[PDB]
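A quick write-up on the structure given underneath.
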Amino acid sequence: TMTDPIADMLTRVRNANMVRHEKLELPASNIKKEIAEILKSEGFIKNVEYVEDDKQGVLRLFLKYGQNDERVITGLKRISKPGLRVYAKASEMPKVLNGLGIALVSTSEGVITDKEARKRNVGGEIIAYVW
Amino acid sequence: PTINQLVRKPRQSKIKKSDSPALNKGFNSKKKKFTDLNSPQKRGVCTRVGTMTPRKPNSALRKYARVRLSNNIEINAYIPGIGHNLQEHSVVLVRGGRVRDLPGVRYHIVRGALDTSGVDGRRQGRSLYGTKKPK
RNA sequence: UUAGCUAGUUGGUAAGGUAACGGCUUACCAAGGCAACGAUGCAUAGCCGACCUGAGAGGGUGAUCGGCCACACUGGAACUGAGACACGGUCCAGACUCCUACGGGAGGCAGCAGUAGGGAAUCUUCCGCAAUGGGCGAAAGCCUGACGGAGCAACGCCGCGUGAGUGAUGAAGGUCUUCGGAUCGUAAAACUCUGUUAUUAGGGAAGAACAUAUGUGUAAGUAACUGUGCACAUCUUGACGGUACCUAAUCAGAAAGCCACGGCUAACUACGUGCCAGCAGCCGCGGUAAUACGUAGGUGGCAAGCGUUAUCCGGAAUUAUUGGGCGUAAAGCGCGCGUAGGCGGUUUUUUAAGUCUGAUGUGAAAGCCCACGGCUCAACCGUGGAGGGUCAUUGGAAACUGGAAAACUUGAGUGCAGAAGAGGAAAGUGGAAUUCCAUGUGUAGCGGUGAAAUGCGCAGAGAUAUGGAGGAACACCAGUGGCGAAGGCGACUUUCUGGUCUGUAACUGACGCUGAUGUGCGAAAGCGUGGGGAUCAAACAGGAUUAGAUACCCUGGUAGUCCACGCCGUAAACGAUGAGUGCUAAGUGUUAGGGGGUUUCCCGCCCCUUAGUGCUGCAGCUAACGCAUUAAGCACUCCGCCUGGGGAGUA
RNA sequence: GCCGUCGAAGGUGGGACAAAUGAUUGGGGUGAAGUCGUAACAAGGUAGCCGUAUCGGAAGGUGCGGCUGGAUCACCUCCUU
């Protein structure tokens, strides 16, 4: 029994940061593919590659590292976790690190970065910051 | 703790206690209960004036007095200043504040408001100890 | 440390009653209802818009002001009236007070004052309806301790001046001086302007004042502005108050102090004093040279206010949702089974409850904030705006949470082959050791202390040799080695019985995790019931040491240690590390397995995979020590718990 | 005007709870350099601690089970260049 898959993926990502390995393996999901795509679109992910085998996943991602082998982010975590679910309006939506970081948020029309979610004036349930 | 474990109990505090345990005054008369009347100061009749000494490392003959208050309770309070114009049966106004000489006394009277007359032996702290401005 | 409450209660029928529905009340029938999502009780308390604080979330309060509720010496009741079961109405009962011819009768300041009493402490026994608003009147007008206004408190906020400029001689004088001088200090004196404010004389008697009735003239209605119902004009109204304010004249002359000066915290010198007197919010000063006591000078802060006290918030992240921790510092209960609850694998469809989004109504006003305007400015007031709901209705979205329906297996569980294990119960078996007894041999000793002593021994000990009885745990094996959820499990054989892992993967298709309350198990000791007691061993006896030893020491020695059934229900019950799940460098072993290659045959060898079981260690983490795949790392869910020590696990 | 129901106040009775009081009494906090003995802190001079039992003026002791948070010595076995 696993209480939360997003917690698993973020722990895998951070534990990949602490030792620095380009490749990681994790059971995929539709929300997982979408958030991985947005991670690549921010610039934190070098490449994305989904695979299929019995049954789900398994999502293989290619990390990114600086020329001097410097980790891009300085921290990464979620906000909406079980028990205490959270939500966020369009105006109240938080600017974490302003432009620096972004705020993944799931909306009635789909998951997008923090920006577009405040541009369109449609909020939603936040999932995880990243910075 | 976990959020639901915090929902089903009111997150209890460490509620403090008072420093003047006779800041409170019981029902004066026409009643037996003790009111919660609060005050910054209480008057009282002094049934004996005495003198005691503090514990180590201080050494001095420190002057105190036991007083019966309006709420008919028994407290102790040391008289400050030079000279004391009190004795048994003397009424007196009382302030609040603890001294580290010895326990059983955690107040001190105010000099110049009640029978306790101010001492004019001072010229610097005149607004305390009842001294009036000299000319 | 408030666990059961409720009998008109709950439901029905019928009727009555109430403006109304209603056990609201009656009679009949029924036994339900309320309660861990906290009933009932107890204790306290009017509630709210808001106020204070805080960056914010929050915390505390319910003073003015407005809304709602409850009450009018205490208890009961009802008439009037639309509206009362009535604050300055009534009756009764009750307490108090008072008059009387003693027959009986009069009142209820939690209304304004004002008065007593209590307290630390909270004020005129004010003028008046000029305005606003009330009750009545046809109106004029009446009435109104509402209210307008005046007054007292430095109670609060704000502002306000207690002169300015020139002026050194560093005057005098005070203080200190290393005896030169320095300090106060342009400070003072003096010169020149000034009058904040004050004092006088005048004005204005300012605004707030709008008006009602009264005459001219006009529209609706009546046959008839004859008269009536409608808008203008002009006439007419100030307690505040002769105010506010203004003009002109005069004087720096009436108008300044409080706290602190060791650090926190800005501000030092002399003297007195010498653990005395005293200071003290904390750290702490002082027993003869106190920058901390007191005083003087000087200085800093602040100001018509200043300091103390009490109270509240912040600081306090010191209740931690934002924003805490639980190895050692307080904090993981002993553990187990599990209800309620909390949480939830993967995919599709669908609902749109949550969520997001728009509108509508509403969140009184005053208040906070913003912007502006007006009182000379500010305070203040007004205006308008924003803001404020865990708010209701309704239009849309469907990723996510949720509801429904349909699919999957990776979690959990089962299935087939296996592996091992001190896993639990009942019985029996073998031998040694021990104890007692008996016998033969056999003597002067045996026994014990660091030294001894006690004790045993001529009735022949010990011991030796033999055989016999007793009760009690099983030598090597034994290992950081395993089983068991902990507490535990080491003698063997059988009977019955619970668990664990690997492989398999065919199978059920989320059935899962945490889990309050509840239940059971639970070390040794202790207890109830009956036996047995060979040893060992609390209490106890002797001796010895010892100043003394009822302790350690030596020799005995009961309960007990044993069994059988119940009783209790704690522990440093530990890994001082809660359970479940996933991820993150290594090497080295151990226990029960599996796949593959090397060998004629692996059983000899190696690699790989498991799960526990260890160590060294990187990243990271920690007060550090240490943790490191058997995390105290990186996260999630759930449970338990802590908010200084002593008191005290005490009452 | 009488009678009937309800009806407060009042009296009677029994309980429940709260607060003061009370001879004495038990334990605790504190105070003079009080006396007795020194168990604990090191191998604390008999290792300590935890529970229970029992003894003792007392700190404490003892017995039984447990822990190291024990040291002089020494871990079966294992780790380390």
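Reconstructed Cβ throughout: ideal geometry from the backbone, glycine too, with neighbour counts over all protein chains shown. Readers should treat all values here as calculations from the given coordinates under stated rules, not as data from a laboratory.
Overview of values
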{"item": "Expected 222 nm ellipticity per residue - DSSP helices of 4 or more, -39500 (n - 2.57), all of chain A, to 500", "result": "-7500 deg cm²/dmol"}
{"item": "Selection of trypsin sites (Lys or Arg not before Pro), region B:7-73, meeting DSSP coil and at most 14 other Cβ within 10 Å", "result": "B:8, B:11, B:14, B:16, B:17, B:30, B:31, B:32, B:33, B:55"}
{"item": "Helix axis angle, A:30-42 relative to chain A longest principal axis, alpha carbon, degrees", "result": "90 degrees"}
{"item": "Additional length obtainable on full extension of the chain from residue B:132 to residue B:102, 0.36 nm per residue less Cα span", "result": "7.6 nm"}
